[PDB]
Structures are given as C-alpha cells and as structure tokens.
Amino acid sequence: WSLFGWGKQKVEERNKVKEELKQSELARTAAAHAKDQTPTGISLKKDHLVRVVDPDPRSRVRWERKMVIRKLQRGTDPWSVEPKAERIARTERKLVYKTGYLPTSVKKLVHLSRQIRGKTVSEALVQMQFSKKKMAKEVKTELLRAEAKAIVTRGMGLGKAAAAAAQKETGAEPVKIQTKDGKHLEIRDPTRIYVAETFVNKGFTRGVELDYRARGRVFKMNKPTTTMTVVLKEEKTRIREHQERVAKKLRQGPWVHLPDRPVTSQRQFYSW
Amino acid sequence: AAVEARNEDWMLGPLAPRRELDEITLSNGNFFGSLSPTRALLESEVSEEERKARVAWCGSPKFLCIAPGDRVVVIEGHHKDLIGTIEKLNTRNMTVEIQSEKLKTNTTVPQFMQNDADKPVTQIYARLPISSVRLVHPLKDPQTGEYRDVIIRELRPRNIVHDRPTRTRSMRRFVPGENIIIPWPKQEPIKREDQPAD
Amino acid sequence: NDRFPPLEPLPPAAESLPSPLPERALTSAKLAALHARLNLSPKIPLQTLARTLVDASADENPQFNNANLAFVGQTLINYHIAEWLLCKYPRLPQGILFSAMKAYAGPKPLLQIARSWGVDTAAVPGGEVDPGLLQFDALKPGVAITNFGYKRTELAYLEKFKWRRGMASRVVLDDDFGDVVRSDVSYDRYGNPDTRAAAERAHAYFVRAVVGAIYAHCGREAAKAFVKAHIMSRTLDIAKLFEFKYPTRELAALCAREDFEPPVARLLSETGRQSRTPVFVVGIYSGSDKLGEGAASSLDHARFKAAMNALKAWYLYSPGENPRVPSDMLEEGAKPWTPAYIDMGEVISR
Amino acid sequence: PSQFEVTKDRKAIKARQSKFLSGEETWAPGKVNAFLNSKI
Amino acid sequence: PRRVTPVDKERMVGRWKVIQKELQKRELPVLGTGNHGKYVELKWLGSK
Amino acid sequence: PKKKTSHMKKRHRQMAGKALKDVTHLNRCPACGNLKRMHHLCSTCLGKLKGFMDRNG
RNA sequence: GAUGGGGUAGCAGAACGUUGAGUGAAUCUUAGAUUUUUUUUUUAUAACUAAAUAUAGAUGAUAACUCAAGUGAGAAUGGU
RNA sequence: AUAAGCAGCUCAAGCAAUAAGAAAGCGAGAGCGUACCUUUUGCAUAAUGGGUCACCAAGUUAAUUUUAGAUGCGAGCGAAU
RNA sequence: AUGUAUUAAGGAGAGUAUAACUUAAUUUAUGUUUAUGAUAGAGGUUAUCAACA
Ligand SMILES: [K+]
Ligand SMILES: [Mg+2]
Ligand SMILES: [Mg+2]
Ligand SMILES: [Mg+2]
Ligand SMILES: [Mg+2]
Ligand SMILES: [Mg+2]
Ligand SMILES: [Mg+2]
Ligand SMILES: [Mg+2]
Ligand SMILES: [Mg+2]
Ligand SMILES: [Mg+2]
Ligand SMILES: [Mg+2]
Ligand SMILES: [Mg+2]
Ligand SMILES: [Mg+2]
Ligand SMILES: [Zn+2]
C-alpha cells in the first residue's frame, strides 16, 4: 500500500483492505499466547519469521555445517585452545551504534568524538549538555539512543542493584584499574556502560552552494553531512584489559645490571 | 542481515541480542522479522515475458486454466508441499492468495493509513506467484476405482469457442499426456443490480 | 556413493573395531616410510611396528596395545641413562639426578623424539584409520602404565596439608623420576591441560615401545644402540638444573667435610664502585687454592655467585665425556672392568 | 537527529528500557535472531 | 584412482565417523544440500 | 603554498593543543537538584519561577 | 674441467600478459567451480599451496595448441 | 619529545603467540644514498613537465611494390572451367 | 557495419483513459481458425482471458 496509490483507488478497494487488517487482529487476540508477540505487534512465531529471519535455508544449513566441522576439528586436537576473540565475544557485551547523518563536517565533529572517547556514558552526556558546540546537542541525543539499544537489545548496564550490595552490604573493596592513557579509575559497578571506541565518517553531500567571486568567477561549495560511531562496552572490558597490561609488565622480567647482550658478528677465528 | 545475525548467535551464545526489541532499519523502514506490503502482497508489476513464464504451466496469460476455488499445492519456498484453496487470483502480476495460516507473515503498516493506537506490525496472508503452485484434483484409480488426490503438473485449454456479439468465450482444461478433462471450480457470478440512476 | 567409491577397501565391520587389523599394516605407505626412516632392521616386521602405534587408551586389550612394549622399553631407556649419568657425573645431587633422568627419558623429551620421526596422530581411534598414525584416546582419564614405585600411605596429607616427603625415600617409594605414584561422547569442546598430558603420555609410550620392539626382535645390544643414538645424543646443560639456597653455607660444609681449610672470599678485581652498574669479582680461596670465582653487580651477590660456581665445579666433576659404562661388560668379550668413582653424597648443611 | 519525530518503534524501546532498569523484567538472550539447527 | 576430497582425508584421520554422528544428531546434511531449495525471494519478485 | 602539507604536519596543527576542554565547573541547583554551571542560575528553575510570578501576583 | 657477460641512439632474437575466437554438444564443480584479499612455494613481469568470507550447476570457470587485435601508461602546462 | 634521512638499502639490540609447536610486523642504534622524466657537451640543479589515484590516450588499415624464412607446384606457375 | 526487401514529402503547438492518441482523444461490422490452434466455466472497468485477414 503505497502513499500515492492509496488515493488513486475507489473506496470499495480501500474499504476491502481495512477488513483484511481488521480480520487479522481478531486472530492475534492469556500468558502463553500473549508472550508470542512484542508490544510493536511482531509475532514471534517461527512460521511468521521464517521468511525474513531465515530467507535462505539452503545456504544457512551448509554454513552451519561448516562451523560444526570446524568445531569438531578442534575438539579432537588435544592442544586446541579457545581463540581470544571467541572467548571475549561470549563473555563481554558490546554495542556498535552508527548515528544519523549530522549536518556538519569531519574536521568539526572529529573533536567532539575525541572528547567523549573513554568516558562513561554518564560522564559523556554531561559534557554534551554543557558544550558550546551546535553538534553537541545532536551527540547527546544519539548517545541516549545507543544507551537504550545497549540496555534493551544487548542487556548492558543492568547489574547495578546487585553490584551496589557487595560494595556496601559486605564492605567489599572495589576494583582499581588504570586506563591505557594512564587515568586511574575506581570501578564499583562492573556493568557501567562507557564509550570504548568512537570514530567519525563522512556521508553524502548535503547540498551545493555557488561562490560568486570577482571577474565573473564561480566556485562550488559542498555542504557536508557526517556521522559518528560509538562502541559501547561494560566496565568488565576495562578490568580485563588492565589485568593483561599488568601481566605483560610482570612477564618482561626485572632489570639486571649487567645484561648479556649478543655479539652479532661471526668470524672464523678467535679474537681473544 | 541474516548472514550477520547467524554469525552472532554462533559467537555470542548466551549474550545473543534481542533483535526483536530493536529500532527499525532506516533504509527501508521495516521492523525486525517483518516484510513490506509491496513485498508481502507481491504487487510489483512484472515484465510480459515473466507473466508468460509464471503461467507457462497453465495455459497462457490470456488462456489461464486455473480459477479461484480450486485447491493447489505449493512447490517452492519454505512452505513447500502445503495445500490450500485459492481465494483471489491477481491476473496482473500472476500472483495467487492462499488463505492458509502458515503463509502469514509480519508486515510493517505505513503510518499514513494507521491510527495512533494501532500496533505498527500485523500478520497478513502472503501471496505467491502462479508458478509456485500446482493443481490438486482427485482422480479415479482405473485399476481399483478408488478416488485419490494427485498433483496436476500441466494444464492446457481445450474446446475454445468465442462469442463475437458478446465478447465472451468458454473453454475446457485438460491434462496433456493423459487427456483428463478437469471440470472448472464452482465460481459464483458477480451480483449485478439495478441502480436508481440507470 | 557410485561416483565416490571408497579409497581403501575395508569390510563393513571395520569402523567399529578399536584399532586397525594386523594385516592392515601391510598395505599402508605411512608405516613403510616410518620403518625406513628410523633405519630399523628387517627383523622387525611391519605388523610389529603398527602395534607400537596403538595406545592402550584406544584398545583395552593387552595385545594390540602399547602397554607391554612401552613397559619393556621404559626399563631399558631408564637403565641405560641412569648408568651413563652416574659414570659421567658421579657427584650429581639426587634431586638433580631425578631432574636429569626426566630431562632425557621423560614425557617432555620423548614427545619431541616422536615429533622428530614424523609421527602424525589420529583424530579419534578407530579401525578405519591407517595403522601409520599414532592413535590414542585423550578423553579417558584413568589410562596409565604399571610402575615399580609404591603408593605412599600419607599421599593425601602431602598434597592437602603440605607434609614433607624427602629425597631419600623417593628412590624406593616413588617412580624413576622421583614423582609420587597415583598422584555417548561429545567432541564439542576445546583442549584441556589434562588432555595435553594424555597427548604427552601417548607419544612417550610410543617411543618407549619402539625400543621394546627393538629389544624383542633385535636383542639387547640393538636396543642400547638405538637409545644411544636417538635419546642420549640430545644435549642438555646440566649446570642449568641447579638451584641453590644459602650456597655460602653449603660451601663451608663442603670444605669442612673434605678437611679443606675454611673458605675465604677475596676481591680479585673490581670497578665502578659507587655507580649504577658496578662489577665486583670475588674469588673463594681455600688456603692458597682457588675453588671458584664469580662476578656480580653487588658485593654480596658476587660472593654468593662465587660460592655457587665453586659448588657446581664440585658436583659437575666428570672423569670424561665418553666414559665406560658397566653395561659394556655383559656383551662380547671386552677389556676388564676398572672400578668407577663412587661419591659419598651431597653435603647436608644448615 | 534531535528533531526527528519519535516513531512507534522508538517509544516501545523506551518503555522496555525503564522496565529492565527498574527491575520488573529480567533480560534474556534472544531466541528468534536466527533459526540454527545447533541451538547452542 | 580418483581425487582425494576433504571427506577422504577426514576418513583417513578417523574424524569423519564422528562428524556423521554430530551432523546427524543436529539434523544437518551429511554430504549433501538437504531437502531445502534455492533462494526464491528475489525470483518471486520477478527478478531477471 | 609551495608544497602540499602532509598528513603528519596537518595533524599536528589540528589536534596537538586543540583538544576540546571538559567543563568541570558544574554544581547542582539548590531548589531542584539539577546540574548547572557554577555561579549560574538553573535554566529549568528560572523559566518555571519566571512563569510562576507571571500568573499570580 | 668449452667460450662469452656495462651501455644511450640504433639493430636483432626469444617470450609473458590483456581482450575476443576455434578445438568445445570437450573437461571440472555443495566431496565447494568461483570469490579484486591474506598466505605459502617454485629462477618467478608468472603461476601455485593454504586459510578466511560468501554461495554457484550454468548467461560459471578452465589446461593445452592455435587464430585475430580497439593488447600492456609515473610522464604529452593531455582528457574525464 | 637532544633531533638536520628522496623516508629506501646494508648491519641490527629490543618488543611481539596466556599454553606443546609456530615471529609476520614494528624497530632503537651504526653506515651508504643530493627524486623522476624530458632536453642537452653536461642537470640534485634555482632548466622543462606533473596535487594523488582510477580510467581514456599514439607505427594501424587499404591498395601497390619489395625482401627474408617456411612451404606447394616446377620450365612452368597462378587463376578458371 | 554490410546485405536483402519495400517505400518516395517532413516537422512542430495544444489537448487527452500515463501500454491504448486527437475534444468520438480504448469506434463499429465481416470471414476463418481456435490447443490436433497460432508462431462446455468466471470476467463490459473486478473490463479490453484472441490471434490472423
Ligand atoms: K594503444
Ligand atoms: Mg559579472
Ligand atoms: Mg462464459
Ligand atoms: Mg663486463
Ligand atoms: Mg648486455
Ligand atoms: Mg578469494
Ligand atoms: Mg597524465
Ligand atoms: Mg631521544
Ligand atoms: Mg643549454
Ligand atoms: Mg629547491
Ligand atoms: Mg623544477
Ligand atoms: Mg606543476
Ligand atoms: Mg588503451
Ligand atoms: Zn533548580
């Protein structure tokens, strides 16, 4: 039902689509049947999603055969170890969010992405509310959307109440880490969301202005639009990355006074 | 999107996202797991060499040998080997509607024809092209005389006769190779009435 | 199917057997190459080399498995190295001796000898696999060989409550490396530190088995040459197996035991005192004789390092690089045996 | 982006956000992202 | 006599007999493409 | 310009000492508790009190 | 126990690669043909091994020999 | 963040794989090295040309007249019946 | 590009069922063959479900 075909048809045709939608709502209507639909009306039945969630079952099936054979070639090997990338994906939550097309440039918005980098979402929103830049109001709206996606879609930031207990009910000693830049933090809630990564890209050309100079000269001025990507992670990623840097510093060994430096010239005689 | 959604369910495991609670895709404006009305009703016009291909197995676009009211069997897609009765017959795109509860699919309703309390997504009956369905008709076993259902793979018109004064015609459909004249399904004529302005 | 006929003709009851049949080893190109790679004599048939590659975890039957060959082989390897190590370094401390026996005939080096022979392991044991692959089951926890060591009555306490074990009972109670004795299926998993041990165990047992087959078919002298060529040819710096606690005290007990005059640390040379990286060379002198010398950055460390070098020189005393072995007598007529040096033992001090 | 009228899909993700944070509902992994035969 | 395929290599190692069980237990297709058919979403829209 | 400025010498000019400074002079508002700048009047309470004095008086 | 070894203008020999064509109604491909990548090896303007991603049964790719050229670009204040 | 590199080459410390095995890459430090093309007796030349990348972009065809090699026939050849 | 066949005045403005073309902008009739074609139904706007002459 297009927006320019809805008025090009007679009432009988239009009034025949409403009885279709009407009769579709009588079949959708306590708890076991009411949990198969989202508040937006998306029916969570397999037959209703198989055509969109599983459009190509002939290719998915073969791909799932490739991963099961690759998973048994590792369970047979006695020396296999879970890759670092496979072990983090199933332990640490992450959300990549790409903002909408902002009416600004990359050399302007790049400085607004380096300001919120590394900060927590709460710390980053307080800096967008009190910035003088016109694009800081757009970064505050796009950072609230990403946080909503993280909490709902990915489940992040949902452990506070549980973490507040150990700190106070048991007087536990929170974790003290140090970021890659060197800033010291004290994490009491490991589920707190923060801005791990962020980069700005350039989009399509908003428009074109003409610059009428002297001597009948004209120049084209491209109006830029740009986007920003935020990678939101929980504080468990920073507590893991700090323990790795600390372990790599205690693994290089201590400093010895007289080191055994190599002599890198080989000669077919003795010089001493 | 399905190539990337399956790699995440494999990797994330217990951290698999809840994509059904996500926002729409601004490229097309659809929700998760829902089609678009243009793609769920198959109302997009097709070329003339396509209509002849979709109807190749049942006559031709102007001598179609399938009518509404006759049971068909699906032979393509996820809902293969399904059997339902034809309700509508769109002769423009050569698409057919089967009012079976298994062919339903989520669709995103455009907000210009929807109230503000109405749910954005609804389940409507999806249509199929004519090529994706074959005719099912019960025939008699010549050896034992028992009636059983069979799938008709091809139909062709027979005994075509036109009426020039009325611009009408009446033909018969038969199964090539076996010459089994299949009767037409019970079609109710449109109700013609006398209006006050006539 | 018809398009892909099987590459190897096998009966239908072949994928269920624990290990390939004996007659299967007579048609595999991996065994024939493995037999010719180690220069094994033609006395050892291919049906015997195949049995060496079947671990007891893939086959529970005493025959068709490495259990018996790997035993007879471990006894020869251990005996030949024990006698060679005592003749070469007669004064090695007992703990270091265990570390050096384990450094040659242990699961770690024997795993590299099998990987240097081009021995590829089988994914999962079965009758279909070609006999040229080392086949074992790494998910079976209880697989182990029979050893001469006995189980300690206080084993549980030693692990749980950190009781003291000792280094004089290890010779009798423990195994030959000093360690204590007795210390469907889903393949959707990853490696384990326990499976890695089974992988090491399977390789070691195979290398031990090859020596057991050489002994059975070719005799004693053939086994000794194989051990002498493939195992004893490996190089180890025994000076790097030493860890000292209070060496200066131990060195004093040595001189006191041997009746040598008390040791005195003397500063042979030095430079850069009152600097970031000074060098002090101190020599420990028993009377006029110089026992050992060490150079370090700290004056105390230089005295400790000098005492270690003097102790290493005492323990690492070697009559010769290629000494005669008591096993050289039981073979064909050789020169009369000359008594070898027997050291009292390592000094026990505070 | 700050001026786009919030649609019906953006109003349902804000009601869920307040229901998860408050503690009414407990977040659980998605079950309809893809129809894999492994189910793990 | 014929080309050695990844299937032949796995049989030699012994891993294949385990793969047939896992693929069969998961209802996946051993040495085939199954009863599933070709992608028809674009073909149904009249794609050429 | 005689030559084209490289990626290095242009990145020095753009970001070396030109990082946006984080505003740290923020205090809460006594009447409502909302975050405001230091020594400044709350923008949400100003409008509300400014409108409260226009209705009744 | 053969002789010879820089090179502009210039002359000569021998090859590779690109596009299309014949043999070709041929060969190969879900037991993965093809994937602008990465990687490996081989006296190597080239091909090859493996890996990763996607999924094709031919309007797909292709050895070898041969045929014809709109056949090879850091350089024209060249052009888009 | 003590340094005067046509950013390559020769020498090379060190870092780099949670683990059996496996080091590509980056490289402190030492030395050598004044872009390319065109045009000229001769150009790092402060002589000409180029902001980068992709694509377009130049000894070809016809007739005619020769030569070499190969090959058919042979005091005939070619063409054509 | 060449060849074969046929033909021997071309354009624009505005309007109109947006495959349909001239304020009649989808005229009205004939003959034949219609699945063994040609190359015993439904359907006049829910239209033109028939091509050739
Ligand atoms: K050219
Ligand atoms: Mg002017
Ligand atoms: Mg009729
Ligand atoms: Mg020369
Ligand atoms: Mg030359
Ligand atoms: Mg590729
Ligand atoms: Mg140019
Ligand atoms: Mg410096
Ligand atoms: Mg001049
Ligand atoms: Mg200059
Ligand atoms: Mg110049
Ligand atoms: Mg210039
Ligand atoms: Mg060109
Ligand atoms: Zn206030």
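Numbering of chain F is taken from Swiss-Prot, so the residues present carry the numbers 66-122, in order.
The deposited model was determined using electron microscopy, 3.0 Å.
Just so it is clear, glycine is given a Cβ too, placed from its N, Cα and C backbone atoms.
Taken verbatim from Swiss-Prot:
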| type | residues | note |
| --- | --- | --- |
| BINDING | F:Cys94, F:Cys97, F:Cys107, F:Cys110 | Zn(2+) binding site |
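Each of F:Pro95, F:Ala96, F:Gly98, F:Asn99, F:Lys101, F:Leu106, F:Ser108, F:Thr109, F:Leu111 belongs to the same chain as F:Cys94, F:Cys97, F:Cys107, F:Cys110, is absent from that list, and has a C-beta within 8 angstroms of the C-beta centroid marking the Zn(2+) site. Annotation for the binding-site residues F:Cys94, F:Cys97: lowest Cβ count within 10 Å of the residue's own Cβ, F:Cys97. Taking a C-beta cut-off of under 8 angstroms and a sequence separation of 6 or more, F:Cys107 (Zn(2+) binding site) has the following same-chain neighbours: F:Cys94, F:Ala96, F:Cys97, F:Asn99, F:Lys101. Just so you know, the Cβ of F:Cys110 (Zn(2+) binding site) picks up 17 other Cβ atoms within 10 Å once every protein chain is counted.
The secondary structure of F:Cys97 (Zn(2+) binding site), as reduced to three states from DSSP, is coil rather than helix or strand.
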